[PDB]
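J.: The file below is run-v1.cif, mmCIF, C-alpha atoms and all ligand atoms:
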```
data_final
loop_
_atom_site.label_atom_id
_atom_site.label_comp_id
_atom_site.auth_asym_id
_atom_site.auth_seq_id
_atom_site.Cartn_x
_atom_site.Cartn_y
_atom_site.Cartn_z
CA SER A 1 71.98 -29.45 199.44
CA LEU A 2 75.63 -28.30 199.75
CA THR A 3 76.11 -24.57 200.60
CA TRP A 4 78.76 -22.00 199.62
CA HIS A 5 80.08 -22.41 203.21
CA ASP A 6 80.66 -26.15 202.49
CA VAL A 7 82.38 -25.80 199.12
CA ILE A 8 84.30 -22.51 199.30
CA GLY A 9 84.27 -21.49 202.97
CA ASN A 10 87.90 -22.72 203.04
CA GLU A 11 88.87 -19.70 200.89
CA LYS A 12 88.64 -17.49 203.99
CA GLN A 13 91.86 -19.15 205.24
CA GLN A 14 93.76 -18.63 201.98
CA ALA A 15 96.47 -16.00 201.99
CA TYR A 16 95.41 -14.59 198.60
CA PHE A 17 91.81 -14.12 199.80
CA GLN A 18 92.77 -12.42 203.07
CA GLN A 19 95.14 -10.17 201.11
CA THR A 20 92.34 -9.23 198.67
CA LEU A 21 90.06 -8.19 201.52
CA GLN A 22 92.89 -6.35 203.30
CA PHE A 23 93.65 -4.46 200.09
CA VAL A 24 90.02 -3.40 199.45
CA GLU A 25 89.66 -2.31 203.08
CA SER A 26 92.89 -0.27 202.94
CA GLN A 27 91.66 1.45 199.77
CA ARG A 28 88.35 2.27 201.48
CA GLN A 29 90.20 3.58 204.55
CA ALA A 30 92.37 5.76 202.25
CA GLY A 31 89.32 7.50 200.75
CA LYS A 32 89.16 5.58 197.47
CA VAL A 33 85.56 5.24 196.27
CA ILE A 34 85.14 1.48 195.91
CA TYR A 35 82.10 -0.29 194.51
CA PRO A 36 79.99 -2.00 195.49
CA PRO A 37 79.63 -1.12 199.19
CA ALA A 38 81.31 -3.73 201.43
CA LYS A 39 77.98 -5.17 202.61
CA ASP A 40 77.07 -6.01 198.97
CA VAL A 41 80.29 -7.58 197.75
CA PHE A 42 79.07 -11.15 198.23
CA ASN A 43 75.39 -10.61 197.28
CA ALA A 44 75.51 -13.15 194.44
CA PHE A 45 76.26 -15.88 196.99
CA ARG A 46 73.66 -14.57 199.46
CA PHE A 47 70.91 -14.69 196.86
CA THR A 48 71.82 -17.90 195.03
CA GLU A 49 73.05 -20.66 197.34
CA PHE A 50 75.38 -23.31 195.94
CA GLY A 51 72.77 -26.10 195.75
CA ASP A 52 70.21 -23.66 194.28
CA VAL A 53 72.39 -22.61 191.30
CA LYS A 54 70.75 -23.55 187.99
CA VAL A 55 72.24 -20.97 185.61
CA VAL A 56 75.51 -19.07 185.88
CA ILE A 57 75.95 -15.71 184.14
CA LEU A 58 79.41 -14.07 184.30
CA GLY A 59 80.28 -10.38 184.25
CA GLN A 60 83.80 -9.05 184.63
CA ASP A 61 83.97 -5.95 186.86
CA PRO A 62 81.18 -4.47 188.96
CA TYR A 63 79.70 -1.32 187.36
CA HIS A 64 82.07 1.53 188.26
CA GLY A 65 79.74 4.57 188.47
CA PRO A 66 77.83 5.87 191.49
CA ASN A 67 74.62 4.06 192.49
CA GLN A 68 75.21 1.17 190.06
CA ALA A 69 76.93 -1.95 191.40
CA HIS A 70 75.13 -3.88 194.15
CA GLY A 71 76.96 -7.24 194.01
CA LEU A 72 75.12 -8.97 191.15
CA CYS A 73 76.50 -8.87 187.60
CA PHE A 74 74.63 -6.56 185.18
CA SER A 75 71.98 -5.55 187.76
CA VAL A 76 71.24 -2.10 189.22
CA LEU A 77 68.87 -1.38 192.08
CA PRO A 78 65.45 0.17 191.40
CA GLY A 79 65.49 3.85 190.36
CA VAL A 80 68.90 3.62 188.70
CA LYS A 81 69.25 4.12 184.93
CA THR A 82 69.57 0.78 183.09
CA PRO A 83 73.23 0.54 181.97
CA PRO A 84 74.13 -0.09 178.31
CA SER A 85 74.93 -3.79 178.76
CA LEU A 86 71.57 -4.44 180.42
CA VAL A 87 69.77 -2.40 177.77
CA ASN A 88 71.00 -5.00 175.26
CA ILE A 89 70.24 -7.94 177.55
CA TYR A 90 66.68 -6.61 177.72
CA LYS A 91 66.52 -6.07 173.91
CA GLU A 92 67.51 -9.73 173.42
CA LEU A 93 64.92 -10.96 175.97
CA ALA A 94 62.19 -8.93 174.17
CA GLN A 95 62.92 -10.78 170.92
CA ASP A 96 63.71 -14.13 172.51
CA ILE A 97 60.96 -14.66 175.10
CA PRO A 98 57.29 -14.38 174.02
CA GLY A 99 55.51 -11.72 176.07
CA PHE A 100 58.65 -10.38 177.72
CA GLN A 101 58.35 -6.65 178.36
CA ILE A 102 61.35 -4.37 178.74
CA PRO A 103 61.03 -3.20 182.34
CA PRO A 104 61.50 0.42 183.50
CA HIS A 105 64.23 -0.69 185.92
CA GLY A 106 67.47 -2.73 185.92
CA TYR A 107 67.00 -4.87 189.04
CA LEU A 108 67.73 -8.56 188.34
CA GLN A 109 67.67 -10.09 191.81
CA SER A 110 64.49 -12.08 191.01
CA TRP A 111 66.67 -14.01 188.54
CA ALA A 112 69.07 -14.83 191.40
CA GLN A 113 66.17 -15.99 193.58
CA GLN A 114 65.32 -18.52 190.85
CA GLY A 115 68.81 -19.96 190.69
CA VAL A 116 70.64 -17.59 188.31
CA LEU A 117 74.05 -16.91 189.85
CA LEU A 118 74.93 -13.35 188.85
CA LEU A 119 78.68 -13.62 189.30
CA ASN A 120 81.26 -10.97 188.45
CA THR A 121 84.74 -12.43 188.13
CA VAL A 122 86.13 -9.35 189.93
CA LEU A 123 84.05 -8.35 192.98
CA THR A 124 85.14 -4.71 193.55
CA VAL A 125 86.23 -1.73 191.42
CA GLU A 126 87.43 1.81 192.07
CA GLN A 127 85.02 4.51 190.82
CA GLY A 128 85.43 5.38 187.13
CA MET A 129 88.31 2.94 186.63
CA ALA A 130 87.59 -0.18 184.56
CA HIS A 131 89.64 -3.24 185.53
CA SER A 132 91.15 -1.35 188.47
CA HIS A 133 90.91 -4.43 190.75
CA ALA A 134 91.64 -7.09 188.09
CA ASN A 135 94.94 -8.29 189.62
CA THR A 136 94.10 -8.14 193.30
CA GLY A 137 93.19 -11.83 193.86
CA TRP A 138 89.46 -11.69 193.04
CA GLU A 139 90.04 -13.72 189.87
CA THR A 140 91.67 -16.41 191.97
CA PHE A 141 88.60 -16.44 194.21
CA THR A 142 86.12 -16.64 191.33
CA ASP A 143 88.27 -19.37 189.73
CA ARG A 144 87.65 -21.40 192.90
CA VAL A 145 83.94 -20.54 192.65
CA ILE A 146 83.68 -21.80 189.06
CA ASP A 147 85.75 -24.91 189.89
CA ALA A 148 83.37 -25.73 192.79
CA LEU A 149 80.34 -25.39 190.51
CA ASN A 150 82.05 -27.49 187.82
CA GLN A 151 83.16 -30.32 190.10
CA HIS A 152 80.35 -30.51 192.66
CA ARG A 153 77.28 -29.87 190.55
CA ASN A 154 75.94 -31.43 187.36
CA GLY A 155 73.81 -30.04 184.53
CA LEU A 156 74.35 -26.33 185.14
CA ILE A 157 73.78 -23.88 182.29
CA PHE A 158 76.66 -21.42 181.90
CA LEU A 159 76.01 -18.32 179.81
CA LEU A 160 79.49 -17.15 178.83
CA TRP A 161 79.37 -13.74 177.20
CA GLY A 162 82.53 -12.40 175.62
CA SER A 163 86.11 -13.57 175.50
CA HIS A 164 86.94 -12.95 179.17
CA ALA A 165 84.00 -15.07 180.37
CA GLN A 166 84.73 -17.79 177.83
CA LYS A 167 88.37 -18.00 178.93
CA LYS A 168 87.12 -18.01 182.56
CA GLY A 169 85.04 -21.12 181.80
CA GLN A 170 87.74 -22.97 179.81
CA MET A 171 87.91 -25.82 182.36
CA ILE A 172 84.15 -26.38 182.63
CA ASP A 173 83.23 -29.95 181.69
CA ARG A 174 81.12 -29.36 178.57
CA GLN A 175 79.57 -32.83 178.79
CA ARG A 176 78.44 -32.51 182.37
CA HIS A 177 77.37 -28.87 182.04
CA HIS A 178 75.74 -26.92 179.22
CA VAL A 179 77.80 -23.95 178.07
CA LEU A 180 76.29 -21.30 175.77
CA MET A 181 78.54 -18.73 174.11
CA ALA A 182 77.82 -15.26 172.78
CA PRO A 183 79.65 -11.95 172.74
CA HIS A 184 79.44 -9.52 175.62
CA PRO A 185 76.13 -7.52 175.69
CA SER A 186 78.08 -4.23 176.02
CA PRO A 187 77.39 -1.94 173.04
CA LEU A 188 81.01 -2.73 172.04
CA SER A 189 79.96 -6.23 170.95
CA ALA A 190 76.17 -6.67 171.34
CA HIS A 191 75.45 -5.94 167.68
CA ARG A 192 78.16 -8.36 166.52
CA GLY A 193 76.52 -11.55 167.73
CA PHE A 194 74.88 -11.13 171.15
CA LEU A 195 71.60 -9.84 169.74
CA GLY A 196 70.06 -12.95 168.20
CA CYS A 197 71.89 -15.46 170.49
CA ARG A 198 68.53 -16.61 172.03
CA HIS A 199 70.29 -17.67 175.23
CA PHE A 200 67.26 -17.13 177.45
CA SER A 201 64.92 -19.42 175.53
CA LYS A 202 67.77 -21.94 175.08
CA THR A 203 68.46 -21.90 178.82
CA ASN A 204 64.76 -22.62 179.51
CA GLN A 205 64.71 -25.46 176.98
CA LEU A 206 67.72 -27.03 178.69
CA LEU A 207 66.15 -26.60 182.14
CA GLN A 208 62.87 -28.16 181.02
CA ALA A 209 64.82 -31.07 179.46
CA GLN A 210 66.14 -31.82 182.97
CA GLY A 211 62.70 -31.54 184.62
CA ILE A 212 63.81 -28.28 186.26
CA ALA A 213 61.50 -25.24 186.36
CA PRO A 214 62.43 -22.66 183.68
CA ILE A 215 63.50 -19.13 184.62
CA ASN A 216 60.84 -16.42 184.55
CA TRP A 217 63.08 -13.79 183.00
CA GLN A 218 60.65 -10.90 183.66
CA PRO A 219 62.39 -9.07 186.57
CA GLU A 220 60.33 -8.29 189.62
CA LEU A 221 60.65 -5.31 191.92
CA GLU A 222 60.29 -5.78 195.65
CA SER A 223 56.62 -6.05 196.71
CL CL A 301 77.56 -1.48 180.54
#
```
Now that the file is in, can you turn its structure into structure tokens?

T.:
Amino acid sequence: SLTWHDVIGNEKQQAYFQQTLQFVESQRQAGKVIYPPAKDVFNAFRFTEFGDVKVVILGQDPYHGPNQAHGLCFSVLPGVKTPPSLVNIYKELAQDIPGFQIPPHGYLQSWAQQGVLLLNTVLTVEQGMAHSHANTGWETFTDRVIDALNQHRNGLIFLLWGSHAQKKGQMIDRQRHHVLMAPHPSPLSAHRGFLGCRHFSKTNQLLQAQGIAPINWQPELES
């Protein structure tokens, strides 16, 4: 029943956090193209409340091209070309989940509505520049996010894809929470151990073992 407000609202008063927001705003004011739009930065928290989190998936940076990032890792809004990482996520789901169909869009917010926290560890990026906002304080913030989930929840499933995400989750209590590892679904590593990981069926097995409803991984468009 605890909310993000309850467990991490205190971050608003932290110097590092205020300095992160001040930096992003100054960059925007200077004419830097920063993604996602300001109104979307915290969408993962909007769409999966703290007490509602069942599954945590980490990304690193928001997508850095136009029309892509909207505040959820890996997702793009309807009408946008499915980026390479999500192409591979979808390929895995098609093999892993009976009856899953690769959708003609990349919008994953229906996963968030079911309790899948779609968290990037860095929450903004300058256009075309990977890792541009890596050392701005966002990693501090998302460290606090992961610590809150680790300490104040039990039985979460963390899907940690790639070395950055796995290092990010190094403090997660692996007895109290269920951590699943695979490489990043980017084409740079998908074919070297992500494809075949079966994380989506495994996640559902673990949820069912707890008496929790499994995720319907088939993404839905707005109605
Ligand atoms: Cl990608």

J.: Between A:181, A:160, A:213, A:87, single out the one closest to ligand CL 301 (chain A), counting only C-alpha atoms and all ligand atoms.

T.: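 Of A:181, A:160, A:213, A:87, the one nearest ligand CL 301 (chain A), counting only C-alpha atoms and all ligand atoms, is A:87.
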
J.: Return the single residue from A:2, A:130, A:148, A:55 that is closest to ligand CL 301 (chain A), with distances computed using all atoms listed in the file.

T.: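 Of A:2, A:130, A:148, A:55, the one nearest ligand CL 301 (chain A), counting all atoms listed in the file, is A:130.
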
J.: Which residue, A:82, A:10, A:109, A:26, has the smallest gap to ligand CL 301 (chain A) when you use only C-alpha atoms and all ligand atoms?

T.: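 Counting only C-alpha atoms and all ligand atoms, the residue closest to ligand CL 301 (chain A) is A:82.
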
J.: Give one line per residue of chain A that approaches ligand CL 301 (chain A) to at most 7 Å, naming the two atoms of the closest pair and their distance in Å to one decimal, counting all atoms listed in the file; sort by chain then ascending residue number and deliver it as a Markdown table.

T.:
```
| residue | atom | partner | partner_atom | distance |
| --- | --- | --- | --- | --- |
| A:83 | CA | A:CL301 | CL | 5.0 |
| A:84 | CA | A:CL301 | CL | 4.3 |
| A:85 | CA | A:CL301 | CL | 3.9 |
| A:86 | CA | A:CL301 | CL | 6.7 |
| A:186 | CA | A:CL301 | CL | 5.3 |
```

J.: With a distance cut-off of 8 Å and all atoms listed in the file, select the neighbouring residues of residue 61 of chain A, excluding the residue or stretch itself and same-chain residues fewer than 4 positions from it, and output the selection as an MDAnalysis selection string.

T.: chainID A and resid 120:125 130:131 134

J.: Box time for segment 189-200 of chain A: axis-aligned, enclosing all its listed atoms, 6 Å extra on each side; report centre and edge lengths in Å to one decimal, as AutoDock Vina command-line options.

T.:
```
--center_x 73.6 --center_y -11.8 --center_z 172.0 --size_x 24.7 --size_y 23.7 --size_z 22.9
```

J.: Please report the interatomic distance between atom CA of residue 25 of chain A and atom CA of residue 136 of chain A in Å with one decimal.

T.: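 Atom CA of residue 136 of chain A lies at a distance of 12.2 Å from atom CA of residue 25 of chain A.
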
J.: Rounded to one decimal place, report the atom CA of residue 139 of chain A-atom CA of residue 151 of chain A distance in Å.

T.: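 Atom CA of residue 151 of chain A lies 18.0 Å from atom CA of residue 139 of chain A.
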
J.: Here is a test: counting all atoms listed in the file, which residue of A:198, A:191, A:153, A:12 is nearest to residue 98 of chain A?

T.: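 Closest candidate: A:198.
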
J.: Rank A:221, A:188, A:118, A:209 by their smallest atom-to-atom distance to residue 53 of chain A, using all atoms listed in the file, and report the top residue only.

T.: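 Among the listed residues, the smallest separation from residue 53 of chain A belongs to A:118.
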
J.: Name the closest residue to residue 201 of chain A among the candidates A:127, A:95, A:150, A:135; distances are taken between atoms, counting all atoms listed in the file.

T.: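 When distances to residue 201 of chain A are compared using all atoms listed in the file, the smallest one comes from A:95.
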
J.: Give me, please, the distance in Å between atom CA of residue 159 of chain A and atom CA of residue 54 of chain A, quoted to one decimal.

T.: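 Computing it gives 11.0 Å between the two atoms.
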
J.: Just the residues within 12 Å of residue 114 of chain A, please, counting only C-alpha atoms, with nothing from its chain fewer than 2 positions along; format it as a list in words.

T.: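 Listing them by chain and then by number gives residues 47, 48, 49, 51, 52, 53, 54, 55, 56, 108, 109, 110, 111, 112, 116, 117, 118, 207, 212, 213, 214, 215, 216, 217, 218, 219 and 220 of chain A.
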
J.: Please tabulate, as CSV, the residues of segment 167-210 of chain A that come within 12 Å of segment 140-144 of chain A, each with its closest pair of atoms and the distance in Å to one decimal, counting all atoms listed in the file and ordering rows by chain, then residue number upward.

T.:
```
residue,atom,partner,partner_atom,distance
A:167,CA,A:143,CA,10.9
A:168,CA,A:143,CA,7.4
A:169,CA,A:143,CA,8.7
A:170,CA,A:143,CA,10.6
A:171,CA,A:143,CA,9.8
A:172,CA,A:143,CA,10.8
```
